[PDB]
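K.L.:
My file is entry_0.csv. It has CSV, C-alpha atoms:
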```csv
chain,number,residue,atom,x,y,z
A,2,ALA,CA,-1.3,-25.2,-8.5
A,3,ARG,CA,-1.9,-22.8,-11.3
A,4,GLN,CA,-4.9,-21.3,-9.5
A,5,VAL,CA,-4.6,-20.3,-5.9
A,6,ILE,CA,-6.5,-18.3,-3.2
A,7,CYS,CA,-3.7,-16.2,-1.8
A,8,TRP,CA,-1.8,-13.5,-3.7
A,9,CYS,CA,0.5,-10.6,-2.9
A,10,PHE,CA,0.8,-7.6,-5.1
A,11,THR,CA,2.3,-4.2,-5.6
A,12,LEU,CA,0.7,-1.4,-7.6
A,13,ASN,CA,3.0,1.4,-8.7
A,14,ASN,CA,1.8,5.0,-8.6
A,15,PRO,CA,-1.8,4.1,-8.1
A,16,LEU,CA,-4.6,6.3,-9.4
A,17,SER,CA,-7.3,5.8,-6.7
A,18,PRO,CA,-8.0,3.5,-3.7
A,19,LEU,CA,-8.7,-0.2,-4.1
A,20,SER,CA,-12.0,-1.9,-3.6
A,21,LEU,CA,-13.1,-5.3,-2.3
A,22,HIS,CA,-14.8,-6.8,-5.4
A,23,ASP,CA,-17.3,-9.6,-5.0
A,24,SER,CA,-14.6,-12.2,-6.0
A,25,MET,CA,-12.4,-11.1,-3.1
A,26,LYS,CA,-12.7,-12.5,0.4
A,27,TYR,CA,-9.9,-10.4,2.2
A,28,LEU,CA,-7.7,-7.5,1.2
A,29,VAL,CA,-5.1,-5.6,3.2
A,30,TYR,CA,-2.8,-3.0,1.8
A,31,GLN,CA,-0.9,0.2,2.5
A,32,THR,CA,0.9,2.9,0.6
A,33,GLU,CA,4.7,2.8,0.7
A,34,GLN,CA,7.5,5.1,-0.5
A,35,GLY,CA,9.5,3.7,-3.4
A,36,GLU,CA,12.7,4.8,-5.1
A,37,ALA,CA,13.1,7.4,-7.8
A,38,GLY,CA,9.9,9.2,-6.6
A,39,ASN,CA,7.7,6.2,-7.1
A,40,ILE,CA,5.1,5.1,-4.5
A,41,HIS,CA,3.1,1.9,-4.5
A,42,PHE,CA,0.4,0.0,-2.8
A,43,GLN,CA,1.7,-3.1,-1.1
A,44,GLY,CA,-1.0,-5.6,-0.5
A,45,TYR,CA,-2.3,-9.1,0.2
A,46,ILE,CA,-5.5,-10.7,-1.1
A,47,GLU,CA,-7.3,-13.9,-0.3
A,48,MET,CA,-9.8,-14.7,-3.1
A,49,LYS,CA,-13.1,-16.5,-2.5
A,50,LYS,CA,-12.2,-19.0,-5.1
A,51,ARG,CA,-8.9,-20.3,-6.6
A,52,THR,CA,-7.8,-17.7,-9.2
A,53,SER,CA,-5.1,-17.7,-11.9
A,54,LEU,CA,-2.5,-15.0,-12.5
A,55,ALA,CA,-4.5,-13.9,-15.6
A,56,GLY,CA,-7.6,-13.5,-13.4
A,57,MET,CA,-5.7,-11.4,-10.8
A,58,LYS,CA,-4.3,-9.2,-13.5
A,59,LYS,CA,-7.8,-8.4,-14.6
A,60,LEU,CA,-8.8,-7.8,-11.0
A,61,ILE,CA,-6.2,-5.1,-10.4
A,62,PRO,CA,-4.9,-3.6,-13.7
A,63,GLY,CA,-1.3,-2.4,-13.4
A,64,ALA,CA,-0.4,-4.5,-10.4
A,65,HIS,CA,2.5,-6.9,-10.1
A,66,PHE,CA,1.1,-10.1,-8.6
A,67,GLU,CA,2.9,-13.1,-7.0
A,68,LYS,CA,1.5,-16.2,-5.4
A,69,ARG,CA,1.7,-15.7,-1.6
A,70,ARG,CA,5.1,-16.6,-0.1
A,71,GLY,CA,5.2,-17.8,3.5
A,72,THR,CA,2.4,-17.9,5.9
A,73,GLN,CA,-0.8,-15.8,6.0
A,74,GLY,CA,0.5,-13.9,9.0
A,75,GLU,CA,3.8,-13.1,7.3
A,76,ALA,CA,2.1,-11.9,4.1
A,77,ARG,CA,-0.3,-9.7,6.2
A,78,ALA,CA,2.7,-8.4,8.2
A,79,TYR,CA,4.6,-7.5,5.1
A,80,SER,CA,1.6,-5.5,3.8
A,81,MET,CA,1.2,-3.7,7.2
A,82,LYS,CA,4.8,-2.9,8.0
A,83,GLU,CA,5.8,0.5,9.3
A,84,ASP,CA,9.0,0.4,7.2
A,85,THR,CA,8.5,2.8,4.2
A,86,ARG,CA,4.8,3.4,5.0
A,87,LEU,CA,3.2,6.6,3.9
A,88,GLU,CA,-0.5,5.8,4.5
A,89,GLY,CA,-2.7,3.0,5.7
A,90,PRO,CA,-2.9,0.1,6.2
A,91,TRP,CA,-6.5,-0.7,5.3
A,92,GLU,CA,-8.2,-4.1,5.9
A,93,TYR,CA,-11.3,-5.3,4.1
A,94,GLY,CA,-13.3,-8.5,4.3
A,95,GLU,CA,-12.7,-11.5,6.4
A,96,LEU,CA,-9.4,-13.3,7.1
```
Let's see the structure in the file written out as structure tokens.
P.N.:
Amino acid sequence: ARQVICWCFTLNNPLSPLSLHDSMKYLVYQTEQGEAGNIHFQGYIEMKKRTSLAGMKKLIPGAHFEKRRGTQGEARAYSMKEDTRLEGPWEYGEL
């Protein structure tokens, strides 16, 4: 479907920590080391209601969103992995 609950994202060189907005049910993310000096948040979100790509882009400006691949557990694991982590993870809301 065009609108879905579950989304993964990265946010390159973020300016401040993320927040759980009222439209979001669950958020997990961490900070990872990228290449060429970049860093990024890597995260996973479950919205309270099915949301379009355009809606997600408004939710987190600057972030690259993709509809969740794989299972919930896999998406969470990918956003909590030790490999390249600099800080985090942080978990908000309810799975």
K.L.:
Quick one: of A:65, A:51, A:41, A:22, who's nearest to residue 10 of chain A, counting all atoms listed in the file?
P.N.:
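When distances to residue 10 of chain A are compared using all atoms listed in the file, the smallest one comes from A:65.
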K.L.:
Could you jot down the atom CA of residue 68 of chain A to atom CA of residue 39 of chain A separation for me, Å, one decimal place?
P.N.:
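Straight-line distance from atom CA of residue 68 of chain A to atom CA of residue 39 of chain A works out to 23.3 Å.
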K.L.:
Taking into account all atoms listed in the file, which residue in the set A:44, A:38, A:63, A:94 is nearest to residue 13 of chain A?
P.N.:
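Answer, going by the shortest atom-to-atom distance: A:63.
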K.L.:
Hey, which of A:87, A:71, A:96, A:77 ends up closest to residue 35 of chain A? Count all atoms listed in the file.
P.N.:
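Among the listed residues, the smallest separation from residue 35 of chain A belongs to A:87.
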K.L.:
Fewer than 3 positions away in the same chain doesn't count, so skip those; otherwise give me all residues within 8 Å of residue 81 of chain A, counting only C-alpha atoms, as a PDB file with C-alpha atoms, keeping the file's coordinate frame.
P.N.:
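Produced file part_39.pdb, reproduced below:
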```
ATOM      1  CA  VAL A  29      -5.100  -5.600   3.200  1.00  0.00           C
ATOM      2  CA  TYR A  30      -2.800  -3.000   1.800  1.00  0.00           C
ATOM      3  CA  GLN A  31      -0.900   0.200   2.500  1.00  0.00           C
ATOM      4  CA  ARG A  77      -0.300  -9.700   6.200  1.00  0.00           C
ATOM      5  CA  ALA A  78       2.700  -8.400   8.200  1.00  0.00           C
ATOM      6  CA  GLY A  89      -2.700   3.000   5.700  1.00  0.00           C
ATOM      7  CA  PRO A  90      -2.900   0.100   6.200  1.00  0.00           C
TER       8      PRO A  90
END
```
K.L.:
Do you have the atom CA of residue 7 of chain A-atom CA of residue 70 of chain A distance handy?
P.N.:
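Separation between atom CA of residue 7 of chain A and atom CA of residue 70 of chain A: 9.0 Å.
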K.L.:
Find, counting only C-alpha atoms, the residue in A:12, A:55, A:46, A:6 that gets nearest to residue 32 of chain A.
P.N.:
A:12
K.L.:
Counting all atoms listed in the file, which residues have an atom no more than 6 Å from (3.2, 6.1, 1.0) in the file's coordinates? Please list them as a VMD selection string.
P.N.:
chain A and resid 32 to 34 40 86 to 88
K.L.:
Taking into account all atoms listed in the file, which residue in the set A:4, A:85, A:73, A:53 is nearest to residue 28 of chain A?
P.N.:
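Under the stated criterion, the closest residue is A:73.
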K.L.:
State, in Å with one decimal place, the distance from atom CA of residue 74 of chain A to atom CA of residue 47 of chain A.
P.N.:
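The value is 12.1 Å.
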K.L.:
Have a look at A:62, A:79, A:48, A:92 and name the one nearest to residue 23 of chain A; count all atoms listed in the file.
P.N.:
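Looking at the shortest contact to residue 23 of chain A, the residue is A:48.
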